[PDB]
Amino acid sequence: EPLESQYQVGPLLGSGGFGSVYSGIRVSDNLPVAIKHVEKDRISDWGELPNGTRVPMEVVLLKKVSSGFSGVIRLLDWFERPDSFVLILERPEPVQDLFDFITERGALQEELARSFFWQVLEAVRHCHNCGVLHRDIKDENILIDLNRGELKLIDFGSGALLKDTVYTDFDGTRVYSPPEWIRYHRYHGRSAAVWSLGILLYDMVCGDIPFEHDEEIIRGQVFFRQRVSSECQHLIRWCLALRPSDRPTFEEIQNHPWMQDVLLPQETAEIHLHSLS
Ligand SMILES: N#Cc1ccc(Cc2cc(O)n3ncc(C(=O)Nc4ccc(F)cc4)c3n2)cc1
């Protein structure tokens with residue numbers, strides 16, 4: 001029942017101002033897991049479990065999205081310690097984050113970018129349907145299950161319950177934040193999400209993000225540094241519309257001409273991932 005008897009703890013995987021994550025194995029079935037520790041003192045957002053339990057908002061959100069759909073890394077279990085919470089998360093093997101993947105490969109071929117972006121969209125839709133807003137969509141928060149060619153969202157440490165009214169707080173990544181936040185400190189969940197997806201898509205096909213400074217975000221002029229098709233440029237520019245109401249809905253994105261004929265995840269892996277080149 002204690003954490004230490006159910007799981008064998010291994011070396012560090014990663015960390016940050018969000019938490020520290022270790023490799024692990026569930027003793028009962030040898031299932032590979034990831035073990036994330038969060039300091040109670042570093043937690044700003046608290047939530048309530050349906051049985052009235054004070055936990056980190058991150059746990060609340062994870063639980064809501066953690067039914068079997070495989071586009072998010074699921075929370076298998078959690079533990080409370082005197083000064084921390086411990087999250088047991090699934091761990092695909094082999095696995096690589098999208099940030100490292102792009103860095104390794106440079107800009108992605110559009111067929112691959114299409115597959116990846118489509119899966120991210122499906123994963124984000126899943127989250128919204130579960131009443132959860134991620135608020136930090138970016139390459140570092142996306143894992144690739146290399147064998148299956150399936151992408152998985154991680155790190156709901158900056159997330160919130162999804163609502164239809166204005167958010168006046170943001171603790172996600174600034175260069176992925178929309179102009180309305182930069183200018184007015186106000187945004188709506190879905191349209192800000194679409195903005196971040198526009199940045200993500202650009203990063204996929206160009207190998208780097210489009211904006212570095214606040215003035216660039218506010219200007220909203222997108223320059224392409226890599227060869228990118230006219231349909232992909234159009235979708236990107238659309239997602240990066242300065243006015244939130246001018247941005248496409250998720251329906252409109254997925255009905256966009258650039259998005260048609262997406263590969264299945266296993267196809268994607270066979271063509272693009274199972275290779276030395
Ligand atoms: N690659 C990589 C990879 C990606 C991120 C990290 C650090 C990190 C930081 C963080 O604040 N959070 N918050 C949640 C996760 C998480 O779920 N990470 C994770 C899960 C399964 C897995 F197989 C690998 C990482 C997480 N990871 C480590 C390894």
# chains A, B, ... in the order shown; residues from 1 in each chain; ligands from 1
>>> residues_near_ligand(ligand="ligand 1", cutoff="7 Å", atoms="only C-alpha atoms and all ligand atoms", output="PyMOL selection string")
chain A and resi 13-16+18-21+33-34+36+73+89-93+95-97+140-141+143+154-157
>>> select_by_dssp(residues="segment 89-144 of chain A", states="strand (DSSP E)", output="number ranges by chain")
A: 89-90, 95-97, 132-133, 142-144
>>> closest_residue(among="A:219, A:135, A:272, A:26", to="residue 159 of chain A", atoms="only C-alpha atoms")
A:135
>>> closest_residue(among="A:110, A:104, A:39, A:267", to="residue 201 of chain A", atoms="only C-alpha atoms")
A:110
>>> residues_around(residues="residue 2 of chain A", least_positions_apart="5", cutoff="12 Å", atoms="only C-alpha atoms", output="MDAnalysis selection string")
chainID A and resid 7:8 77:81 86
>>> atom_distance(atom1="atom CA of residue 113 of chain A", atom2="atom CA of residue 241 of chain A")
20.6 Å
>>> closest_residue(among="A:170, A:223, A:118, A:184", to="residue 251 of chain A", atoms="only C-alpha atoms")
A:118
>>> select_by_dssp(residues="segment 8-252 of chain A", states="helix (DSSP H, G or I)", output="MDAnalysis selection string")
chainID A and resid 40:42 57:65 98:105 110:129 139:141 174:176 179:184 189:206 214:219 230:239 244:246 250:252
>>> closest_residue(among="A:10, A:243, A:109, A:148", to="residue 32 of chain A", atoms="only C-alpha atoms")
A:10
>>> closest_residue(among="A:253, A:181, A:161, A:107", to="residue 227 of chain A", atoms="only C-alpha atoms")
A:107
>>> atom_distance(atom1="atom CA of residue 193 of chain A", atom2="atom CA of residue 57 of chain A")
18.9 Å
>>> residues_around(residues="residue 49 of chain A", least_positions_apart="6", cutoff="10 Å", atoms="only C-alpha atoms", output="list in words")
residues 55, 56, 57, 59, 60, 61 and 63 of chain A
>>> write_last_selection(atoms="N, CA and C atoms", output="PDB file, in the first residue's frame")
ATOM      1  N   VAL A  55      -6.738  18.167  -3.138  1.00  0.00           N
ATOM      2  CA  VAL A  55      -5.596  17.687  -3.905  1.00  0.00           C
ATOM      3  C   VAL A  55      -5.126  18.745  -4.856  1.00  0.00           C
ATOM      4  N   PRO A  56      -3.975  18.551  -5.462  1.00  0.00           N
ATOM      5  CA  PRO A  56      -3.559  19.525  -6.477  1.00  0.00           C
ATOM      6  C   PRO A  56      -4.532  19.514  -7.647  1.00  0.00           C
ATOM      7  N   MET A  57      -4.818  20.681  -8.215  1.00  0.00           N
ATOM      8  CA  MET A  57      -5.675  20.770  -9.393  1.00  0.00           C
ATOM      9  C   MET A  57      -5.204  19.812 -10.485  1.00  0.00           C
ATOM     10  N   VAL A  59      -4.102  16.836 -10.222  1.00  0.00           N
ATOM     11  CA  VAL A  59      -4.668  15.513  -9.994  1.00  0.00           C
ATOM     12  C   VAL A  59      -6.131  15.457 -10.425  1.00  0.00           C
ATOM     13  N   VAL A  60      -6.880  16.503 -10.085  1.00  0.00           N
ATOM     14  CA  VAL A  60      -8.270  16.636 -10.514  1.00  0.00           C
ATOM     15  C   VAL A  60      -8.375  16.516 -12.030  1.00  0.00           C
ATOM     16  N   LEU A  61      -7.582  17.318 -12.735  1.00  0.00           N
ATOM     17  CA  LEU A  61      -7.608  17.325 -14.192  1.00  0.00           C
ATOM     18  C   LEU A  61      -7.188  15.973 -14.759  1.00  0.00           C
ATOM     19  N   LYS A  63      -7.357  12.987 -13.443  1.00  0.00           N
ATOM     20  CA  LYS A  63      -8.425  12.011 -13.222  1.00  0.00           C
ATOM     21  C   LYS A  63      -9.538  12.136 -14.258  1.00  0.00           C
TER      22      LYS A  63
END
